[PDB]
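*Asks:* For reference, the structure I am asking about is given below.
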Amino acid sequence: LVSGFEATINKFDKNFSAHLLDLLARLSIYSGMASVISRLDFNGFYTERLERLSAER
Amino acid sequence: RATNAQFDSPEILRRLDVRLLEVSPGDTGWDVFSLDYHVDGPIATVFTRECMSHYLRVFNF
Amino acid sequence: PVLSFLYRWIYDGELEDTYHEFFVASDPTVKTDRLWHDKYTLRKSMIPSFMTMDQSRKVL
Amino acid sequence: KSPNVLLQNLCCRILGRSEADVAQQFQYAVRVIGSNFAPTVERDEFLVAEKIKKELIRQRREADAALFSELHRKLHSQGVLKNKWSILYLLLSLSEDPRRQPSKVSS
Amino acid sequence: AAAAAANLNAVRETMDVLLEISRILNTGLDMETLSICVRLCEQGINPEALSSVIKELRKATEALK
């Protein structure tokens with residue numbers, strides 16, 4: 001079964017990436033103090049690929 | 001770290017910090033970068049506020 | 001009494017007057033780095049005549 | 001004066017086109033002004049004044065930053081506008097860097 | 001009234017003052033367009049929406065070409 005394996009892995013992967021980007025966004029407001037952000041993505045993937053565009057408000 | 005200024009005592013290295021002078025689009029990066037080098041303690045009475053403003057003008061030029 | 005106001009203002013910078021009998025003019029709540037700039041102003045009526053101006057600028 | 005024709009004067013000030021030439025832009029203009037007719041950010045004219053000051057300090061035109069304090073004074077002196085914070089933010093939001101400005105206007 | 005006409009002279013002054021503020025902040029607006037914006041701000045309006053208007057209308061004149 002790969003709907004009990006691969007699709008479930010993808011659901012978990014989607015949720016983990018969502019939690020990760022929300023964590024990094026809520027971590028960026030926090031001013032070795034910025035080493036917490038640097039250590040989690042030292043290679044520079046999975047961090048702020050989107051800036052979250054500003055509305056016409 | 002790459003240049004030679006790491007023979008300095010840690011106090012003045014801690015006193016300096018980059019100061020922004022406010023976002024304005026259409027303005028190149030050279031004009032907004034200046035160190036602050038703030039001063040606290042009993043020595044601050046010699047280095048008054050007006051002195052720091054005149055040093056900022058000197059830096060900008 | 002002015003020789004007990006001009007015998008401790010010379011040494012330890014200790015003074016206390018309620019009605020002003022001495023040329024210290026304090027500014028309240030100045031204990032920061034404005035202490036070197038304020039809390040003292042040479043009042044020109046409470047300087048006795050046997051003194052001179054330089055004597056009063058030094059004790060301050 | 002009604003605000004809908006007042007906004008229609010605005011779209012013929014920016015554009016050169018007439019109001020029987022374009023009505024497609026003005027429909028989009030009410031689409032953005034409408035339902036965003038109340039402040040989307042909090043107001044203070046004090047903070048916005050200190051950012052027109054900090055821009056003139058950035059250009060080292062700091063004699064004009066204290067001339068600006070009288071220009072911010074005149075808007076209080078009439079007192080017919082209460083949105084004095086808005087128009088200062090508006091010229092600040094559309095602000096650019098000339099590197100220098102000479103031959104001052106006002107009065 | 002009379003004071004309601006002297007204030008018209010004094011808001012004619014204030015528009016030129018805002019024009020000086022417009023040129024030292026380097027914004028492409030004149031006396032005429034600002035005169036629409038002050039009447040709009042009397043009824044109450046967002047500068048955040050007017051800035052988006054001005055950033056879109058100047059960048060959609062070559063979309064009506």
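Labels used: A, B, ... for chains in the order of the structure tokens, numbers from 1 for residues in each chain, and numbers from 1 for ligands as shown.
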For chain E, work out the contacting residues on chain A at 10 Å, counting only C-alpha atoms, and write them as a PDB file with C-alpha atoms, in the first residue's frame.

*Replies:*
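out-v4.pdb written:
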```pdb
ATOM      1  CA  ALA A  55      -2.803  43.311  -0.260  1.00  0.00           C
ATOM      2  CA  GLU A  56      -4.373  46.352  -1.905  1.00  0.00           C
ATOM      3  CA  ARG A  57      -5.620  47.683   1.421  1.00  0.00           C
TER       4      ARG A  57
END
```

*Asks:* Quick check: residues of chain B within 7 Å of chain D, only C-alpha atoms, returned as a tab-separated table (two decimals) with N, CA and C atoms, in the first residue's frame.

*Replies:*
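Now in part26.tsv:
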```
chain	number	residue	atom	x	y	z
B	21	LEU	N	18.94	55.27	8.85
B	21	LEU	CA	18.47	56.68	8.82
B	21	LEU	C	17.12	56.75	8.11
B	22	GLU	N	16.41	55.62	7.97
B	22	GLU	CA	15.01	55.55	7.41
B	22	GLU	C	14.88	55.13	5.93
B	24	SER	N	13.64	54.95	2.26
B	24	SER	CA	13.09	55.81	1.23
B	24	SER	C	13.43	55.17	-0.11
B	25	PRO	N	12.45	54.68	-0.87
B	25	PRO	CA	12.75	54.01	-2.14
B	25	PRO	C	13.32	54.97	-3.17
B	26	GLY	N	14.28	54.49	-3.95
B	26	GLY	CA	15.03	55.33	-4.86
B	26	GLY	C	16.34	55.82	-4.28
B	27	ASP	N	16.77	55.26	-3.16
B	27	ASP	CA	17.96	55.70	-2.45
B	27	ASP	C	18.94	54.54	-2.35
B	57	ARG	N	27.15	64.20	10.74
B	57	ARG	CA	27.27	65.00	9.52
B	57	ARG	C	28.63	64.78	8.84
```

*Asks:* Which neighbours of region 29-41 of chain A fall inside 10 Å, counting only C-alpha atoms, when residues of the same chain fewer than 6 positions from it are skipped, and could you give them as a list in words?

*Replies:* residues 20, 23 and 47 of chain A

*Asks:* Using only C-alpha atoms, find each residue in chain D having at least one atom no more than 12 Å away from chain A; report its shortest atom-to-atom pair and that distance in Å (one decimal), rows by chain then rising number, as JSON lines.

*Replies:*
```
{"residue": "D:28", "atom": "CA", "partner": "A:56", "partner_atom": "CA", "distance": 11.5}
{"residue": "D:29", "atom": "CA", "partner": "A:56", "partner_atom": "CA", "distance": 11.2}
{"residue": "D:31", "atom": "CA", "partner": "A:56", "partner_atom": "CA", "distance": 9.9}
{"residue": "D:32", "atom": "CA", "partner": "A:56", "partner_atom": "CA", "distance": 6.9}
{"residue": "D:33", "atom": "CA", "partner": "A:57", "partner_atom": "CA", "distance": 8.4}
{"residue": "D:34", "atom": "CA", "partner": "A:57", "partner_atom": "CA", "distance": 10.0}
{"residue": "D:35", "atom": "CA", "partner": "A:57", "partner_atom": "CA", "distance": 9.1}
{"residue": "D:36", "atom": "CA", "partner": "A:57", "partner_atom": "CA", "distance": 6.3}
{"residue": "D:37", "atom": "CA", "partner": "A:57", "partner_atom": "CA", "distance": 9.6}
{"residue": "D:38", "atom": "CA", "partner": "A:57", "partner_atom": "CA", "distance": 10.2}
{"residue": "D:39", "atom": "CA", "partner": "A:57", "partner_atom": "CA", "distance": 9.3}
{"residue": "D:40", "atom": "CA", "partner": "A:57", "partner_atom": "CA", "distance": 6.7}
{"residue": "D:41", "atom": "CA", "partner": "A:57", "partner_atom": "CA", "distance": 9.5}
```

*Asks:* Using only C-alpha atoms, which residues of chain D come within 12 Å of region 16-33 of chain E, and what is the closest atom pair for each, with the distance in Å to one decimal? Give it as a tab-separated table, sorted by chain and residue number.

*Replies:*
```
residue	atom	partner	partner_atom	distance
D:6	CA	E:33	CA	11.1
D:7	CA	E:33	CA	10.8
D:8	CA	E:33	CA	11.6
D:9	CA	E:33	CA	8.6
D:10	CA	E:33	CA	6.6
D:11	CA	E:33	CA	9.4
D:12	CA	E:33	CA	9.3
D:13	CA	E:33	CA	5.8
D:14	CA	E:33	CA	7.4
D:15	CA	E:33	CA	10.8
D:49	CA	E:21	CA	11.4
D:51	CA	E:25	CA	10.9
D:52	CA	E:25	CA	7.9
D:53	CA	E:25	CA	10.5
D:54	CA	E:25	CA	11.5
D:55	CA	E:25	CA	8.2
D:56	CA	E:24	CA	8.4
D:58	CA	E:25	CA	11.7
D:59	CA	E:24	CA	10.3
D:61	CA	E:24	CA	10.0
D:64	CA	E:24	CA	9.4
D:65	CA	E:24	CA	10.5
D:67	CA	E:21	CA	10.8
D:68	CA	E:21	CA	8.2
D:69	CA	E:21	CA	11.5
D:70	CA	E:17	CA	10.1
D:71	CA	E:17	CA	6.7
D:72	CA	E:17	CA	9.3
D:73	CA	E:17	CA	10.9
D:74	CA	E:17	CA	8.7
D:75	CA	E:17	CA	9.3
D:84	CA	E:18	CA	10.9
D:87	CA	E:18	CA	8.6
D:88	CA	E:21	CA	8.5
D:89	CA	E:25	CA	10.9
D:90	CA	E:27	CA	9.5
D:91	CA	E:22	CA	6.1
D:92	CA	E:25	CA	6.8
D:93	CA	E:27	CA	9.1
D:94	CA	E:27	CA	5.8
D:95	CA	E:25	CA	5.1
D:96	CA	E:26	CA	5.2
D:97	CA	E:26	CA	6.5
D:98	CA	E:26	CA	6.3
D:99	CA	E:26	CA	9.6
D:100	CA	E:24	CA	7.9
D:101	CA	E:24	CA	5.7
D:102	CA	E:24	CA	8.3
D:103	CA	E:20	CA	9.6
D:104	CA	E:20	CA	6.5
D:105	CA	E:20	CA	4.9
D:106	CA	E:17	CA	4.4
D:107	CA	E:17	CA	5.8
```

*Asks:* Once you count only C-alpha atoms, which residues of chain B turn out to be within 12 Å of chain C? Could you give them as a list in words?

*Replies:*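 Selected residues: residues 39, 40, 41, 42, 43, 44, 45, 46, 47, 48 and 49 of chain B.
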
*Asks:* Output the selection as a PDB file, in the first residue's frame - N, CA and C atoms for each residue.

*Replies:*
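Here's the written file result-v6.pdb:
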```
ATOM      1  N   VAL B  39      27.567  56.152  23.340  1.00  0.00           N
ATOM      2  CA  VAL B  39      28.443  56.288  24.500  1.00  0.00           C
ATOM      3  C   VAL B  39      27.587  56.433  25.757  1.00  0.00           C
ATOM      4  N   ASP B  40      27.904  55.628  26.769  1.00  0.00           N
ATOM      5  CA  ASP B  40      27.198  55.641  28.039  1.00  0.00           C
ATOM      6  C   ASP B  40      28.220  55.695  29.164  1.00  0.00           C
ATOM      7  N   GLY B  41      27.724  55.927  30.375  1.00  0.00           N
ATOM      8  CA  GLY B  41      28.562  55.983  31.546  1.00  0.00           C
ATOM      9  C   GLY B  41      28.894  57.407  31.932  1.00  0.00           C
ATOM     10  N   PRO B  42      29.889  57.570  32.810  1.00  0.00           N
ATOM     11  CA  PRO B  42      30.318  58.926  33.187  1.00  0.00           C
ATOM     12  C   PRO B  42      31.036  59.660  32.070  1.00  0.00           C
ATOM     13  N   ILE B  43      31.601  58.935  31.102  1.00  0.00           N
ATOM     14  CA  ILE B  43      32.285  59.540  29.965  1.00  0.00           C
ATOM     15  C   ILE B  43      31.324  60.236  29.008  1.00  0.00           C
ATOM     16  N   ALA B  44      30.018  59.979  29.136  1.00  0.00           N
ATOM     17  CA  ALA B  44      29.033  60.564  28.230  1.00  0.00           C
ATOM     18  C   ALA B  44      28.867  62.063  28.445  1.00  0.00           C
ATOM     19  N   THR B  45      29.281  62.577  29.607  1.00  0.00           N
ATOM     20  CA  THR B  45      29.173  64.010  29.869  1.00  0.00           C
ATOM     21  C   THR B  45      30.110  64.812  28.974  1.00  0.00           C
ATOM     22  N   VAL B  46      31.274  64.250  28.651  1.00  0.00           N
ATOM     23  CA  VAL B  46      32.173  64.902  27.706  1.00  0.00           C
ATOM     24  C   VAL B  46      31.609  64.808  26.293  1.00  0.00           C
ATOM     25  N   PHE B  47      31.146  63.619  25.904  1.00  0.00           N
ATOM     26  CA  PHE B  47      30.576  63.398  24.574  1.00  0.00           C
ATOM     27  C   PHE B  47      29.072  63.675  24.599  1.00  0.00           C
ATOM     28  N   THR B  48      28.736  64.958  24.483  1.00  0.00           N
ATOM     29  CA  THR B  48      27.342  65.378  24.502  1.00  0.00           C
ATOM     30  C   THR B  48      26.622  64.970  23.211  1.00  0.00           C
ATOM     31  N   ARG B  49      25.305  65.210  23.205  1.00  0.00           N
ATOM     32  CA  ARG B  49      24.444  64.856  22.075  1.00  0.00           C
ATOM     33  C   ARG B  49      24.811  65.646  20.820  1.00  0.00           C
TER      34      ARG B  49
END
```

*Asks:* Would you please work out which residue, of B:59, B:33, B:1, B:53, is nearest to residue 13 (chain B) when using only C-alpha atoms?

*Replies:*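 Counting only C-alpha atoms, the residue closest to residue 13 (chain B) is B:1.
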
*Asks:* Rounded to one decimal in Å, what is the spacing between CA of residue 3 (chain D) and CA of residue 41 (chain E)?

*Replies:*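 Between CA of residue 3 (chain D) and CA of residue 41 (chain E) the gap works out to 10.3 Å.
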
*Asks:* Taking the DSSP secondary structure from the backbone, can you list the residues of chain D that are helix (DSSP H, G or I), as a ChimeraX atom specification?

*Replies:* /D:3-14,24-33,45-58,63-78,84-93

*Asks:* Excluding residue 1 (chain C) and residues on its chain fewer than 2 positions from it, collect all residues at most 12 Å away from it, counting only C-alpha atoms, and give them as a JSON list (two decimals) with N, CA and C atoms, in the first residue's frame.

*Replies:*
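For reference, selection_18.json as written:
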```json
[["chain", "number", "residue", "atom", "x", "y", "z"],
["C", 3, "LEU", "N", 29.86, 80.03, 58.00],
["C", 3, "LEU", "CA", 31.11, 79.31, 58.18],
["C", 3, "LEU", "C", 30.86, 77.86, 58.59],
["C", 4, "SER", "N", 29.60, 77.45, 58.66],
["C", 4, "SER", "CA", 29.27, 76.03, 58.60],
["C", 4, "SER", "C", 28.58, 75.68, 57.29],
["C", 5, "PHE", "N", 28.43, 76.65, 56.38],
["C", 5, "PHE", "CA", 28.03, 76.38, 55.01],
["C", 5, "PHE", "C", 29.19, 76.50, 54.05],
["C", 6, "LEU", "N", 30.25, 77.21, 54.44],
["C", 6, "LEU", "CA", 31.46, 77.36, 53.66],
["C", 6, "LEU", "C", 32.59, 76.66, 54.40],
["C", 7, "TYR", "N", 32.26, 75.52, 55.00],
["C", 7, "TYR", "CA", 33.29, 74.67, 55.58],
["C", 7, "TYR", "C", 32.95, 73.20, 55.37],
["C", 8, "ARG", "N", 31.85, 72.96, 54.67],
["C", 8, "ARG", "CA", 31.48, 71.62, 54.23],
["C", 8, "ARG", "C", 31.14, 71.58, 52.77],
["C", 15, "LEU", "N", 25.39, 69.92, 51.57],
["C", 15, "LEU", "CA", 24.68, 71.14, 51.91],
["C", 15, "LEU", "C", 23.20, 70.82, 52.04],
["C", 16, "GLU", "N", 22.52, 71.62, 52.86],
["C", 16, "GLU", "CA", 21.08, 71.56, 53.04],
["C", 16, "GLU", "C", 20.59, 72.90, 53.57],
["C", 17, "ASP", "N", 19.88, 73.66, 52.73],
["C", 17, "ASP", "CA", 19.20, 74.85, 53.21],
["C", 17, "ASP", "C", 17.77, 74.83, 52.69],
["C", 21, "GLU", "N", 20.25, 80.60, 51.78],
["C", 21, "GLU", "CA", 21.23, 81.41, 52.49],
["C", 21, "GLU", "C", 22.61, 81.24, 51.88],
["C", 22, "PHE", "N", 22.65, 80.65, 50.68],
["C", 22, "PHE", "CA", 23.87, 80.27, 50.01],
["C", 22, "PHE", "C", 23.57, 80.21, 48.52]]
```

*Asks:* Would you compute the distance between CA of residue 8 (chain A) and CA of residue 43 (chain A)? Give it in Å to one decimal.

*Replies:*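 Taking CA of residue 8 (chain A) as the start and CA of residue 43 (chain A) as the end point, the length is 27.1 Å.
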
*Asks:* Hey, can you check how far CA of residue 27 (chain D) sits from CA of residue 86 (chain D)?

*Replies:* 23.3 Å
